[PDB]
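Peer 1: Structure file structure-v8.pdb (PDB, C-alpha atoms (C1' of nucleotides) and all ligand atoms) is given on the next line.
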```
ATOM      1  CA  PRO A   1      -6.715  40.861   6.261
ATOM      2  CA  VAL A   2      -4.841  40.418   9.584
ATOM      3  CA  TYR A   3      -1.495  40.360   7.767
ATOM      4  CA  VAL A   4      -2.562  43.132   5.351
ATOM      5  CA  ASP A   5      -1.540  46.611   6.568
ATOM      6  CA  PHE A   6      -1.914  48.415   3.216
ATOM      7  CA  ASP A   7      -4.261  48.276   0.213
ATOM      8  CA  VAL A   8      -2.482  47.811  -3.123
ATOM      9  CA  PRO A   9      -4.267  49.642  -6.054
ATOM     10  CA  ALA A  10      -5.535  47.577  -9.027
ATOM     11  CA  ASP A  11      -3.101  49.409 -11.359
ATOM     12  CA  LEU A  12      -0.037  48.475  -9.241
ATOM     13  CA  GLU A  13      -1.232  44.862  -9.078
ATOM     14  CA  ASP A  14      -1.616  44.676 -12.883
ATOM     15  CA  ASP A  15       2.025  45.817 -13.233
ATOM     16  CA  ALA A  16       3.150  43.256 -10.632
ATOM     17  CA  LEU A  17       1.446  40.226 -12.215
ATOM     18  CA  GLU A  18       2.724  41.246 -15.684
ATOM     19  CA  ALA A  19       6.273  41.378 -14.268
ATOM     20  CA  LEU A  20       5.822  37.898 -12.765
ATOM     21  CA  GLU A  21       4.830  36.311 -16.101
ATOM     22  CA  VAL A  22       8.073  37.466 -17.730
ATOM     23  CA  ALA A  23      10.034  36.467 -14.616
ATOM     24  CA  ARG A  24       9.321  32.758 -15.243
ATOM     25  CA  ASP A  25      10.025  32.828 -18.999
ATOM     26  CA  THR A  26      13.392  34.571 -18.570
ATOM     27  CA  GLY A  27      14.715  34.258 -15.011
ATOM     28  CA  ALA A  28      13.306  32.001 -12.282
ATOM     29  CA  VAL A  29      10.403  31.972  -9.793
ATOM     30  CA  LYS A  30       9.297  29.987  -6.733
ATOM     31  CA  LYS A  31       5.682  28.740  -6.501
ATOM     32  CA  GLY A  32       3.968  27.893  -3.181
ATOM     33  CA  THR A  33       4.219  29.239   0.405
ATOM     34  CA  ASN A  34       6.919  26.763   1.516
ATOM     35  CA  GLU A  35       9.263  27.679  -1.364
ATOM     36  CA  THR A  36       8.604  31.414  -0.789
ATOM     37  CA  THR A  37       9.501  31.153   2.917
ATOM     38  CA  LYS A  38      12.754  29.293   2.242
ATOM     39  CA  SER A  39      13.786  31.951  -0.301
ATOM     40  CA  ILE A  40      13.338  34.778   2.228
ATOM     41  CA  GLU A  41      15.417  32.763   4.731
ATOM     42  CA  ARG A  42      18.145  31.807   2.240
ATOM     43  CA  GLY A  43      18.195  35.454   1.121
ATOM     44  CA  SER A  44      17.697  34.512  -2.557
ATOM     45  CA  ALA A  45      14.396  36.429  -2.835
ATOM     46  CA  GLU A  46      14.079  39.705  -4.744
ATOM     47  CA  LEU A  47      10.323  40.300  -4.632
ATOM     48  CA  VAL A  48       7.734  38.187  -2.808
ATOM     49  CA  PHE A  49       4.045  37.933  -3.691
ATOM     50  CA  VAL A  50       1.256  37.033  -1.241
ATOM     51  CA  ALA A  51      -2.493  36.538  -1.809
ATOM     52  CA  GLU A  52      -5.212  38.340   0.183
ATOM     53  CA  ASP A  53      -7.925  35.653  -0.016
ATOM     54  CA  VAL A  54      -5.980  32.922   1.826
ATOM     55  CA  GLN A  55      -8.306  30.907   4.071
ATOM     56  CA  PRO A  56      -6.876  29.952   6.590
ATOM     57  CA  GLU A  57      -4.874  33.155   7.157
ATOM     58  CA  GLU A  58      -2.311  31.061   9.067
ATOM     59  CA  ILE A  59      -0.478  29.684   6.000
ATOM     60  CA  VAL A  60       0.690  33.085   4.809
ATOM     61  CA  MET A  61       0.498  35.042   8.141
ATOM     62  CA  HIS A  62       4.289  35.096   8.688
ATOM     63  CA  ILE A  63       5.462  36.543   5.325
ATOM     64  CA  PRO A  64       4.990  40.288   6.198
ATOM     65  CA  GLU A  65       7.026  40.156   9.431
ATOM     66  CA  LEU A  66       9.685  37.755   8.079
ATOM     67  CA  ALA A  67      10.412  39.871   4.986
ATOM     68  CA  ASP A  68      10.842  42.983   7.187
ATOM     69  CA  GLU A  69      13.693  41.460   9.214
ATOM     70  CA  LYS A  70      15.267  40.087   6.001
ATOM     71  CA  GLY A  71      14.878  43.283   3.935
ATOM     72  CA  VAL A  72      12.958  41.453   1.175
ATOM     73  CA  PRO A  73      10.184  43.573  -0.466
ATOM     74  CA  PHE A  74       6.590  42.256  -0.641
ATOM     75  CA  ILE A  75       3.343  43.010  -2.480
ATOM     76  CA  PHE A  76      -0.304  41.935  -2.058
ATOM     77  CA  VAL A  77      -2.480  40.291  -4.728
ATOM     78  CA  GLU A  78      -6.295  40.279  -4.204
ATOM     79  CA  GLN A  79      -6.991  36.810  -5.687
ATOM     80  CA  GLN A  80      -5.286  33.408  -5.248
ATOM     81  CA  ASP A  81      -5.985  31.941  -8.707
ATOM     82  CA  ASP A  82      -4.475  34.970 -10.487
ATOM     83  CA  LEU A  83      -1.126  34.560  -8.692
ATOM     84  CA  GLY A  84      -1.122  30.892  -9.706
ATOM     85  CA  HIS A  85      -1.760  31.705 -13.375
ATOM     86  CA  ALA A  86       0.952  34.397 -13.213
ATOM     87  CA  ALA A  87       3.461  31.868 -11.822
ATOM     88  CA  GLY A  88       2.426  29.516 -14.627
ATOM     89  CA  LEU A  89       0.107  27.049 -12.904
ATOM     90  CA  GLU A  90      -3.339  25.564 -13.582
ATOM     91  CA  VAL A  91      -3.987  25.789  -9.814
ATOM     92  CA  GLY A  92      -3.734  28.796  -7.496
ATOM     93  CA  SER A  93      -0.908  29.900  -5.232
ATOM     94  CA  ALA A  94      -1.042  31.494  -1.796
ATOM     95  CA  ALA A  95       2.434  32.911  -2.312
ATOM     96  CA  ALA A  96       5.061  33.272  -5.027
ATOM     97  CA  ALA A  97       8.651  34.539  -4.995
ATOM     98  CA  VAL A  98      10.986  35.937  -7.643
ATOM     99  CA  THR A  99      14.373  34.214  -7.324
ATOM    100  CA  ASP A 100      16.570  36.456  -9.533
ATOM    101  CA  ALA A 101      14.511  38.390 -12.112
ATOM    102  CA  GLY A 102      15.180  38.479 -15.843
ATOM    103  CA  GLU A 103      14.542  41.406 -18.226
ATOM    104  CA  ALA A 104      12.080  42.680 -15.617
ATOM    105  CA  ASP A 105      14.765  43.856 -13.130
ATOM    106  CA  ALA A 106      13.994  47.501 -13.960
ATOM    107  CA  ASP A 107      10.236  46.968 -13.511
ATOM    108  CA  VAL A 108      10.591  44.941 -10.253
ATOM    109  CA  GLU A 109      12.888  47.661  -8.850
ATOM    110  CA  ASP A 110      10.177  50.309  -9.401
ATOM    111  CA  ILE A 111       7.398  48.074  -7.998
ATOM    112  CA  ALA A 112       9.515  47.565  -4.857
ATOM    113  CA  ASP A 113       9.856  51.372  -4.704
ATOM    114  CA  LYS A 114       6.134  52.086  -5.294
ATOM    115  CA  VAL A 115       5.239  49.825  -2.326
ATOM    116  CA  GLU A 116       7.782  51.413   0.099
ATOM    117  CA  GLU A 117       6.170  54.807  -0.620
ATOM    118  CA  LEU A 118       2.737  53.265   0.102
ATOM    119  CA  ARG A 119       4.224  52.207   3.516
TER     120      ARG A 119
ATOM    121  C1'   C B   1      14.258  18.309  -3.664
ATOM    122  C1'   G B   2       9.440  20.966  -6.063
ATOM    123  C1'   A B   3       4.908  18.842 -10.392
ATOM    124  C1'   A B   4       9.063  14.820 -11.680
ATOM    125  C1'   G B   5       2.489  12.773  -9.014
ATOM    126  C1'   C B   6      -2.512  10.429  -8.115
ATOM    127  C1'   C B   7      -7.733   9.099  -9.584
ATOM    128  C1'   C B   8     -11.684   8.028 -13.365
ATOM    129  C1'   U B   9     -11.976   6.466 -18.833
ATOM    130  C1'   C B  10     -11.008   1.595 -24.043
ATOM    131  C1'   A B  11      -9.784   6.236 -25.792
ATOM    132  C1'   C B  12     -10.879  10.992 -26.147
ATOM    133  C1'   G B  13     -11.341  13.760 -22.269
ATOM    134  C1'   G B  14     -12.233  14.968 -17.251
ATOM    135  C1'   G B  15     -11.024  15.491 -11.764
ATOM    136  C1'   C B  16      -7.158  16.169  -8.013
ATOM    137  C1'   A B  17      -2.792  18.685  -6.687
ATOM    138  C1'   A B  18       2.202  24.832  -4.959
ATOM    139  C1'   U B  19      -2.958  25.426   1.428
ATOM    140  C1'   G B  20       2.378  20.400  -1.808
ATOM    141  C1'   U B  21       0.729  15.073  -5.547
ATOM    142  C1'   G B  22       5.408  12.788  -5.991
ATOM    143  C1'   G B  23      11.183  11.863  -4.538
ATOM    144  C1'   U B  24      14.239  11.623  -0.234
ATOM    145  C1'   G B  25      13.967  10.279   5.245
ATOM    146  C1'   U B  26      12.375   7.951   9.964
ATOM    147  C1'   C B  27      17.790   6.887  16.491
ATOM    148  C1'   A B  28      21.865   0.980  13.508
ATOM    149  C1'   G B  29      19.007   9.775  13.622
ATOM    150  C1'   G B  30      18.217  11.780   9.033
ATOM    151  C1'   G B  31      19.372  15.832   5.537
ATOM    152  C1'   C B  32      23.163  18.991   2.956
ATOM    153  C1'   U B  33      28.796  19.184   1.584
ATOM    154  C1'   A B  34      33.261  16.038   0.758
ATOM    155  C1'   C B  35      34.894  11.444  -0.321
ATOM    156  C1'   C B  36      35.349   5.362   0.939
ATOM    157  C1'   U B  37      32.918   1.095  -0.053
ATOM    158  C1'   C B  38      29.050  -1.354  -1.431
ATOM    159  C1'   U B  39      24.299  -3.725  -1.632
ATOM    160  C1'   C B  40      21.270  -9.013  -0.879
ATOM    161  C1'   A B  41      18.919  -4.953   4.781
ATOM    162  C1'   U B  42      14.565  -3.046   4.030
ATOM    163  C1'   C B  43       9.912  -1.825   1.107
ATOM    164  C1'   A B  44       7.019  -2.878  -3.108
ATOM    165  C1'   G B  45       5.429  -6.853  -6.356
ATOM    166  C1'   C B  46       5.242 -11.985  -8.932
ATOM    167  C1'   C B  47       4.954 -17.089  -8.187
ATOM    168  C1'   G B  48       3.328 -20.393  -4.818
ATOM    169  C1'   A B  49       3.522 -25.415  -1.911
ATOM    170  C1'   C B  50       5.188 -30.074   0.971
ATOM    171  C1'   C B  51       3.944 -32.118   5.562
ATOM    172  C1'   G B  52       0.266 -31.942   9.014
ATOM    173  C1'   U B  53      -4.849 -31.563  10.799
ATOM    174  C1'   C B  54     -10.313 -32.071  10.196
ATOM    175  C1'   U B  55     -14.098 -34.219   7.276
ATOM    176  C1'   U B  56     -15.869 -37.502   3.409
ATOM    177  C1'   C B  57     -15.147 -41.645   0.162
ATOM    178  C1'   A B  58     -13.262 -46.185  -2.457
ATOM    179  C1'   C B  59     -11.361 -51.233  -1.246
ATOM    180  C1'   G B  60     -11.424 -54.611   2.285
ATOM    181  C1'   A B  61     -10.218 -61.685   5.170
ATOM    182  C1'   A B  62     -12.790 -65.967   7.230
ATOM    183  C1'   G B  63     -18.846 -71.122   8.553
ATOM    184  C1'   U B  64     -24.231 -69.345   7.992
ATOM    185  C1'   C B  65     -21.872 -77.107   8.339
ATOM    186  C1'   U B  66     -23.565 -81.575  12.066
ATOM    187  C1'   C B  67     -26.898 -83.056  16.468
ATOM    188  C1'   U B  68     -30.216 -81.343  20.616
ATOM    189  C1'   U B  69     -33.543 -77.259  22.477
ATOM    190  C1'   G B  70     -36.486 -73.347  20.518
ATOM    191  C1'   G B  71     -41.766 -69.853  17.348
ATOM    192  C1'   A B  72     -36.841 -68.116  15.817
ATOM    193  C1'   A B  73     -29.743 -70.232  16.958
ATOM    194  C1'   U B  74     -26.868 -65.309  17.728
ATOM    195  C1'   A B  75     -27.587 -71.383  22.980
ATOM    196  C1'   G B  76     -25.393 -76.226  24.365
ATOM    197  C1'   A B  77     -22.281 -80.332  22.356
ATOM    198  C1'   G B  78     -19.254 -81.457  17.738
ATOM    199  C1'   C B  79     -16.267 -80.074  13.505
ATOM    200  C1'   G B  80     -13.847 -75.954  10.820
ATOM    201  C1'   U B  81     -11.895 -70.666   9.464
TER     202        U B  81
HETATM  203 MG    MG C 201       8.701   7.135   0.753
HETATM  204 SR    SR C 202      -7.380  25.949  -5.249
END
```
Is it possible to express this structure as structure tokens?
Ligand SMILES: [Mg+2]
Ligand SMILES: [Sr+2]
Peer 2:
Amino acid sequence: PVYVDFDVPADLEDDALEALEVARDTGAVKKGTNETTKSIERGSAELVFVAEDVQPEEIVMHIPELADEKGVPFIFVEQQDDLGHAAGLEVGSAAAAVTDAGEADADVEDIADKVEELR
RNA sequence: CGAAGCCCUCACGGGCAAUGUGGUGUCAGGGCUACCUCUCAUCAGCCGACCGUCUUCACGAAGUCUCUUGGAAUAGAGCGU
């Protein structure tokens, strides 16, 4: 809410979570806010995911401003448990990162482009 | 480093845990990279006392002889242990 500056449509989110499921089974992904933050800093992040229902908002608060000064694209997910299932976890995840995509590189590229147009 | 983890249950199974269980590390700073050497430190865990002290208990030597006084010798005098 405080870190959210744009509303991502349900259709764009469906595409994004589908792309994340094939990103773990082919390439590699990072699960958890700590591992997402280190990826943006180490530069090894292609597309970063962040949940909208994070209480407290502090945990994830930094991701939008950090990704902007590191050129890493980001997208918002409405629910926390859906991002966890998409990353391949029984639990939820406040944030996930795609560390080098796999057979989804063409999809991720377009998702990164659809978000830039949405400001 | 990143689920490699913890709890309940005989098990089955359940619960916890990416908002981080668990590994590493804690100023002889540590970590990462590159090598040298090596450990007996530390932490976890097993076993598990002596002595001493306090209390309680068992065992444990040698006269109940003489005379006088006395209601009564545990007294006096005598002899003995
Ligand atoms: Mg430790
Ligand atoms: Sr949760």
Peer 1: Could you pull the residues within 7 Å of segment 3-16 of chain A, counting only C-alpha atoms (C1' of nucleotides), minus those fewer than 4 positions along the same chain, as a VMD selection string?
Peer 2: chain A and resid 20 61 64 76 to 77 111
Peer 1: What are the closest atom pairs, with distances in Å to one decimal, for all residues of chain A lying within 10 Å of ligand SR 202 (chain C)? Consider only C-alpha atoms and all ligand atoms, order rows by chain and residue number, and present the result as a tab-separated table.
Peer 2:
```
residue	atom	partner	partner_atom	distance
A:80	CA	C:SR202	SR	7.7
A:81	CA	C:SR202	SR	7.1
A:84	CA	C:SR202	SR	9.1
A:90	CA	C:SR202	SR	9.3
A:91	CA	C:SR202	SR	5.7
A:92	CA	C:SR202	SR	5.1
A:93	CA	C:SR202	SR	7.6
A:94	CA	C:SR202	SR	9.1
```
Peer 1: Between chain B and ligand MG 201 (chain C), at 10 Å or less, what are the per-residue closest atom pairs and their distances in Å? Count all atoms listed in the file, order by chain and rising residue number, and return it as CSV.
Peer 2:
```
residue,atom,partner,partner_atom,distance
B:22,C1',C:MG201,MG,9.4
B:23,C1',C:MG201,MG,7.5
B:24,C1',C:MG201,MG,7.2
B:25,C1',C:MG201,MG,7.6
B:26,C1',C:MG201,MG,10.0
B:43,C1',C:MG201,MG,9.0
```
Peer 1: Output as a ChimeraX atom specification the set of chain A residues within 12 Å of chain B, with distances taken over only C-alpha atoms (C1' of nucleotides).
Peer 2: /A:29-36,51,53-60,80-81,83-85,87-97
Peer 1: At what distance in Å, to one decimal, does atom CA of residue 116 of chain A lie from atom CA of residue 74 of chain A?
Peer 2: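 These two atoms are separated by 9.3 Å.
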Peer 1: Using Å and a single decimal, report how far atom CA of residue 22 of chain A sits from atom CA of residue 101 of chain A.
Peer 2: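 Rounded to one decimal, the two atoms are 8.6 Å apart.
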Peer 1: Enter the distance from atom CA of residue 118 of chain A to atom CA of residue 63 of chain A, in Å, rounded to one decimal.
Peer 2: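 Straight-line distance from atom CA of residue 118 of chain A to atom CA of residue 63 of chain A works out to 17.7 Å.
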Peer 1: Just say which residues the PyMOL selection byres (((chain A and resi 66) around 12) and not hetatm) picks in this file, as a ChimeraX atom specification.
Peer 2: /A:3,36-43,45,48,60-65,67-74
Peer 1: Please identify all polymer residues within 7 Å of residue 108 of chain A, counting only C-alpha atoms (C1' of nucleotides), omitting same-chain residues fewer than 4 positions from it, and present them as a PyMOL selection string.
Peer 2: chain A and resi 19+104+112
Peer 1: Here is a test: counting all atoms listed in the file, which residue of A:52, A:110, A:82, A:25 is nearest to residue 1 of chain A?
Peer 2: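 Closest candidate: A:52.
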Peer 1: Using only the atoms of segment 58-61 of chain A listed in the file, plus 5 Å on each side, state the axis-aligned box centre and edge lengths in Å rounded to one decimal, as lines of an AutoDock Vina configuration file.
Peer 2:
```
center_x = -0.8
center_y = 32.4
center_z = 6.9
size_x = 13.0
size_y = 15.4
size_z = 14.3
```
Peer 1: Please enumerate the residues selected by the PyMOL selection byres (((chain B and resi 7) around 12) and not hetatm) when evaluated against the supplied file, formatted as a PDB file with C-alpha atoms (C1' of nucleotides), in the coordinates of the input.
Peer 2:
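Everything below was put into selection-v9.pdb:
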```pdb
ATOM      1  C1'   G B   5       2.489  12.773  -9.014  1.00  0.00           C
ATOM      2  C1'   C B   6      -2.512  10.429  -8.115  1.00  0.00           C
ATOM      3  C1'   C B   8     -11.684   8.028 -13.365  1.00  0.00           C
ATOM      4  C1'   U B   9     -11.976   6.466 -18.833  1.00  0.00           C
ATOM      5  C1'   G B  14     -12.233  14.968 -17.251  1.00  0.00           C
ATOM      6  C1'   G B  15     -11.024  15.491 -11.764  1.00  0.00           C
ATOM      7  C1'   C B  16      -7.158  16.169  -8.013  1.00  0.00           C
ATOM      8  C1'   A B  17      -2.792  18.685  -6.687  1.00  0.00           C
ATOM      9  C1'   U B  21       0.729  15.073  -5.547  1.00  0.00           C
TER      10        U B  21
END
```
Peer 1: When the PyMOL selection byres (((chain A and resi 27) around 6) and not hetatm) is applied to the structure above, which residues does it catch, written out as an MDAnalysis selection string?
Peer 2: chainID A and resid 23:24 26 28 101:102
